[PDB]
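Which chain is which? The protein sequence lines are I and H, in order. Positions in the first sequence are counted from 1; adding 415 to them yields the deposited numbering. Positions in the second sequence are counted from 1; adding 216 to them yields the deposited numbering. Every residue gets a Cβ at the ideal spot worked out from N, C-alpha and C, and that includes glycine. One structure is given here, and the rest of the page talks about it.
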Amino acid sequence: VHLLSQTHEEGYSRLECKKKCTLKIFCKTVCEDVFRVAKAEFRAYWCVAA
Amino acid sequence: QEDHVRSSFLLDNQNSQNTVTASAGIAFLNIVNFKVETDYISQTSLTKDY
Numbered sequence: 416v417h418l419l420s421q422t423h424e425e426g427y428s429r430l431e432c433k434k435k436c437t438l439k440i441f442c443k444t445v446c447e448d449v450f451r452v453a454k455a456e457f458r459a460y461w462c463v464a465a
Numbered sequence: 217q218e219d220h221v222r223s224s225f226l227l228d229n230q231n232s233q234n235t236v237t238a239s240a241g242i243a244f245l246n247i248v249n250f251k252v253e254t255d256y257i258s259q260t261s262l263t264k265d266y
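Right under this line is the structure:
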């Protein structure tokens with residue numbers, strides 16, 4: 416039985432590093448931070464006797 | 217008395233430096249003279265501790 420389906424949003428800063436190689440000879444490890452507001456849908460249910 | 221002490225340290229450091237210098241100079245018989253130069257220096261340092 417569908418009890419309740421809702422959504423939740425949360426903002427978090429993620430740091431990621433990538434090894435970018437330009438012209439196949441200029442390689443550099445560049446790190447960047449992105450503030451992502453992730454939204455997730457949570458659906459709680461309940462089992463009743465049929 | 218029983219004492220267990222476990223210590224684990226990890227450190228990584230990656231430094232990449234790229235320097236490109238391109239110069240070109242043409243000097244005719246005191247009639248035409250053009251000299252140009254371009255220097256590009258890029259240094260990226262990444263340290264990871266745990």
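Under 8 Å between C-beta atoms of residue i and residue j
{"i": "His417 of chain I", "j": "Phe457 of chain I", "result": "no"}
{"i": "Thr437 of chain I", "j": "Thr260 of chain H", "result": "no"}
{"i": "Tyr256 of chain H", "j": "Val236 of chain H", "result": "yes"}
{"i": "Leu419 of chain I", "j": "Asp448 of chain I", "result": "no"}
{"i": "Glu425 of chain I", "j": "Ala453 of chain I", "result": "yes"}
Span of the beta strand (DSSP E), counted from its first residue to its last, around residue i
{"i": "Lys439 of chain I", "result": "Per DSSP, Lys439 of chain I belongs to no beta strand (DSSP E) and is neither H nor E."}
{"i": "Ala240 of chain H", "result": "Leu227 to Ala243"}
{"i": "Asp265 of chain H", "result": "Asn249 to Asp265"}
Residue i versus residue j: straight-line alpha-carbon distance, rounded
{"i": "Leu226 of chain H", "j": "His220 of chain H", "result": "20 Å"}
{"i": "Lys264 of chain H", "j": "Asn229 of chain H", "result": "6 Å"}
{"i": "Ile440 of chain I", "j": "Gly241 of chain H", "result": "26 Å"}
{"i": "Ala238 of chain H", "j": "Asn231 of chain H", "result": "23 Å"}
{"i": "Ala465 of chain I", "j": "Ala455 of chain I", "result": "30 Å"}
{"i": "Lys434 of chain I", "j": "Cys446 of chain I", "result": "9 Å"}
Amino acids of chain H, ordered along the chain, whose beta-carbon sits closer than 8 Å to that of residue i
{"i": "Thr444 of chain I", "result": "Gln230, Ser232, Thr260 and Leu262"}
Cross-chain neighbours of residue i in chain H, by beta carbon under 7 Å
{"i": "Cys436 of chain I", "result": "Those within 7 Å of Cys436 of chain I in chain H number zero; the least Cβ separation is about 10 Å."}
{"i": "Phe441 of chain I", "result": "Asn234"}
{"i": "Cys432 of chain I", "result": "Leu262"}
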